[PDB]
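Here is the structure we will look at.
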Amino acid sequence: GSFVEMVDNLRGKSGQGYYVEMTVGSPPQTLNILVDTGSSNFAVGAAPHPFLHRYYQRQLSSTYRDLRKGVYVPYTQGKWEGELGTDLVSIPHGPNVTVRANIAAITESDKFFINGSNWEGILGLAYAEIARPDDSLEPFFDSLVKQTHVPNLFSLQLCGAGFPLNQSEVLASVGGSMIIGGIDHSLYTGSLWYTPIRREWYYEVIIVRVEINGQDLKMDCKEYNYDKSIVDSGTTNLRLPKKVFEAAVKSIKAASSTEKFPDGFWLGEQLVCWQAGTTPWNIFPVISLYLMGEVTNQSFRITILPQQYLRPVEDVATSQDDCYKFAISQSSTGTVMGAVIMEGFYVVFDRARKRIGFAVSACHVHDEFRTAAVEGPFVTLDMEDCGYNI
Amino acid sequence: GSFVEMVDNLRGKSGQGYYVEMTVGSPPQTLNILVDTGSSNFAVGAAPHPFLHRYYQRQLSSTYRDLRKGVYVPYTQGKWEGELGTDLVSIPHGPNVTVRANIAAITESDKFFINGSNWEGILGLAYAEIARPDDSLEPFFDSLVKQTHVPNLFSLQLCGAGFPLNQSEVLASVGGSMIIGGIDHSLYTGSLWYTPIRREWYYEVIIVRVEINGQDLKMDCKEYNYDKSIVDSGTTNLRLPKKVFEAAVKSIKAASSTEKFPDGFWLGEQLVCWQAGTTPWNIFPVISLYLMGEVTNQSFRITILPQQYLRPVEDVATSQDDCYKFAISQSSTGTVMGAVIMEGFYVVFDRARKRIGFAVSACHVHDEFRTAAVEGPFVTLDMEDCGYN
Ligand SMILES: CCCN(CCC)C(=O)c1cc(C)cc(C(=O)N[C@@H](Cc2cc(F)cc(F)c2)[C@H](O)[C@H]2CN(S(=O)(=O)c3ccccc3)CCN2)c1
Ligand SMILES: CCCN(CCC)C(=O)c1cc(C)cc(C(=O)N[C@@H](Cc2cc(F)cc(F)c2)[C@H](O)[C@H]2CN(S(=O)(=O)c3ccccc3)CCN2)c1
């Protein structure tokens, strides 16, 4: 590990998002910011809200600059509207630099902030193409790289605990690491395999094959990326295109058929519980996603365990049972490799070389019989045809 | 002799299938159903789908009965997942009867429904042996015959237009006729010749000889029926076993050599166009399929024209050119006499006498020089050897 100052600088969990501490303004105002590779706007609460115990106060910052322009950003989930401006920003547990970046001061929001999440803003790490209102609003990471000598690359190690974390616990627990400008070798085991970033807007990738316990889902690979596949820390679940979701669920059900679970479970709505320590991990299948490699006709795969796709939750009776929710759901906007998937790996967003790396995470949850994996190479043809075109 | 209430009750085209109107439930829910002699399950969309503008709503039918069982049916083309049940079914332009039949309520599907086809379900008319999940699930036609006095027989007259039919046109045009329980003499000319239904699962038949412009393809006749030969309205093209397909294409290319076409054409993937009205039908050969007759050592033949095996399609430029696709393709599951072949004839599915009849269709496309034909008899020996085991 060569970036000890940034190791363990994240907190949170898959269900409420992982955040990093930042400061904005002069004097610096400390705020917790959700790490989101699924959007491109840096925005912070700038007015009172029931779920916020603090927010950005522009009138108290001598370096605040008003851009005299409003902005409205609706996400799948919720939305917010705010006022654009710029100010000096820093990351206490990050590179030792300060940069002037665009900041959307959130004045109104609907279903955006999460009660008890402990974060007050969002850091969109994706590209300018999807920044609102348009690509002229330079994203934070672009500002960071342009104004400093920090390498154009960041890596994320999201650490799920493997069990429920109450309010106090989630506040004291280390949730992972965000290495700004590099790769810390202590955060993973095995080798790093890279898949190309198909296009620079979302961190889009191309999945070329899918297996459930080694069994090929056998769908036209184009289906896996319809209408796109992205790596998104700003989303809890692994979301899959309708048809892929239906096929996957059918296969996962078949593999775990020794136990019958209610429809609400597979819909990702209701939890299932087992007596403390008896979760039958072994009856659930591993899931392998093959991704396009950097070399022609070459692919590699990442394999996740049920310890990744079954999200730990507290029982409604807060009993001593171990409960979870099925963390895979359908999408109508392409595949979304959310936080529960990222929790099994150390993910390297290599913007400089337009590629994303994957390696088994040193903090992924597993059992004595199975482990997550990143293996290769495999001979795969016509992978370009797996990519979708509107 | 004539069934005016059923004449012209079909709509559609070879490329998207021919369908008949049906009603399910109480009160009646009208749906357009694909006529398919190549499968044995009656199934209808029962949940929203981008290609459907209507579907079966079980909660609105007082006569709906839940069988509490799912059913999964994968076809060559696509597939659907459904829930089994029964309900009262009728055919507005068919026999004046109501039947309680098995219905698979399609809840999920992959490449099954066709955008713009106008049908929302499928009517598998083949036998129980190939019904899913197993042969205990009585096919619609079996229920029909068992619950009513309708004769155990139906006949199909699929009418290809000979040219492309746009969206509005195909919706207003008469696609043909499905006569349930009888034979309408106005739908064909000449005599009806019958070939035996080898076995009751698919409507399986035995081809004993193949000719391209009179020239014998000269293959072991067992190759023509490997691993089976069926009459399937649920498939567009004439599909032939790999080895037969390769020999047939070579012969058809040789016969039409005065003009060269790209490989994509012979692969049935790309169209070929000619200035309006100039399609060189005459350079293309007729295709004759000899079928086993009902009399020992006797056979008859049905002759198809390029007007049948070249499927009319609209040019990408919507120009005034007359374009087509080669409607003959390779198969790995035996010969499939699809819609384009059926369009040249009136086909009688005589279940009661376990045989299929063919007669020149009153609506087949042709030109002033050639016509489709059904002629016989011919002396053919060891025809049983042509069947695959
Ligand atoms: C239920 C509470 C939220 N959580 C748990 C905590 C993480 C989810 O699991 C969850 C679930 C669903 C169905 C959607 C989202 C979502 O929208 N995430 C966005 C970030 C986010 C996090 C949050 F905490 C609350 C929010 F309001 C939003 C992410 O940037 C998407 C957004 N889109 S875009 O097309 O809208 C889009 C928006 C803006 C620009 C470009 C595209 C693309 C993929 N990247 C999040
Ligand atoms: C490209 C769109 C479809 N069209 C144009 C519209 C007609 C085709 O030209 C076409 C092309 C090919 C290569 C196959 C089929 C096909 O599977 N047809 C089945 C009906 C069908 C129609 C449709 F509209 C969409 C579909 F999903 C399916 C038919 O029941 C077969 C099925 N099999 S079985 O072995 O699977 C089989 C299935 C079930 C039980 C037993 C065997 C045997 C021969 N009878 C259709």
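Counting starts with 1 at the first residue shown.
The way this entry was determined, per its header, is X-ray crystallography, 2.0 Å.
Cβ coordinates come from backbone N, Cα and C, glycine included.
As written in Swiss-Prot, here are the features:
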ACT_SITE  B:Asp36  active site
ACT_SITE  B:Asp232  active site
DISULFID  B:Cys159-B:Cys363  disulfide bond
DISULFID  B:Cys221-B:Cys386  disulfide bond
DISULFID  B:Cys273-B:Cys323  disulfide bond
DOMAIN    B:18-359  domain 'Peptidase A1'
CARBOHYD  B:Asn96  N-linked glycosylation site
CARBOHYD  B:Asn115  N-linked glycosylation site
CARBOHYD  B:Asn166  N-linked glycosylation site
CARBOHYD  B:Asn297  N-linked glycosylation site
MOD_RES   B:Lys69  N6-acetyllysine
MOD_RES   B:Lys218  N6-acetyllysine
MOD_RES   B:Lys222  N6-acetyllysine
MOD_RES   B:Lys228  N6-acetyllysine
MOD_RES   B:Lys242  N6-acetyllysine
MOD_RES   B:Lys243  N6-acetyllysine
MOD_RES   B:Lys250  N6-acetyllysine
If you measure from the Cα of B:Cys386 (disulfide bond), which of the recorded positions B:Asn96, B:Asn166, B:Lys228, B:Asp232, B:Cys273 is the nearest?
B:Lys228
For B:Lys218 (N6-acetyllysine): intrachain residues, at least 6 apart, with Cβ closer than 8 Å:
none
Neighbourhood of ligand 2 - recorded positions from B:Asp36, B:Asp232, B:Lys242 with Cβ under 6 Å:
B:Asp36, B:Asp232
Recorded positions B:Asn115, B:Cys273, B:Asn297 vs B:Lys222 (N6-acetyllysine), shortest C-alpha separation belongs to B:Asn297
When you put B:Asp232 (active site) at the centre and draw a 10 Å sphere around its Cα, which of the recorded positions B:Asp36, B:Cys159, B:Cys363 have their Cα inside it?
B:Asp36
Whole-number Å only: compute the distance from the Cα of B:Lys69 (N6-acetyllysine) to the Cα of B:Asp36 (active site).
23
Compute the C-alpha separation of B:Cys159 (disulfide bond) from B:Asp36 (active site), stating it in Å without decimals.
15
Set of same-chain residues at least 6 away whose C-beta sits under 8 angstroms from B:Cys273 (disulfide bond):
B:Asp315, B:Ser319, B:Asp321, B:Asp322, B:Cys323, B:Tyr324
So among B:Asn166, B:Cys221, B:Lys228, B:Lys250, B:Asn297, all listed as recorded positions, which is physically nearest to B:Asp36 (active site)? Use the C-alpha atoms.
B:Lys228
I want to check the contact list for B:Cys363 (disulfide bond): same chain, sequence separation of six or more, C-beta distance under 8 angstroms. What comes out?
B:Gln157, B:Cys159, B:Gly176, B:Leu187, B:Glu343
Starting from the Cβ of B:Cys159 (disulfide bond), draw a 10 Å sphere and report how many other Cβ atoms land inside it.
25
Cα of B:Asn115 (N-linked glycosylation site) to Cα of B:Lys243 (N6-acetyllysine): how many Å, rounded?
33
Looking at the recorded positions listed here (B:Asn96, B:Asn166, B:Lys228), whose Cα lies nearest to that of B:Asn297 (N-linked glycosylation site)?
B:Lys228
Top of the active-site residues B:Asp36, B:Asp232 by count of other CB atoms within 10 A is B:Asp232
Among the modified residues listed here (B:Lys69, B:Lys222), identify the one with the smallest other-Cβ count within 10 Å.
B:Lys69
Could you say which of the modified residues B:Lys228, B:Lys242, B:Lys243 has its Cβ with the most other Cβ atoms inside 10 Å?
B:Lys228
Quick note, B:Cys221 (disulfide bond) and B:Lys228 (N6-acetyllysine): C-alpha atoms separated, nearest Å, by 12
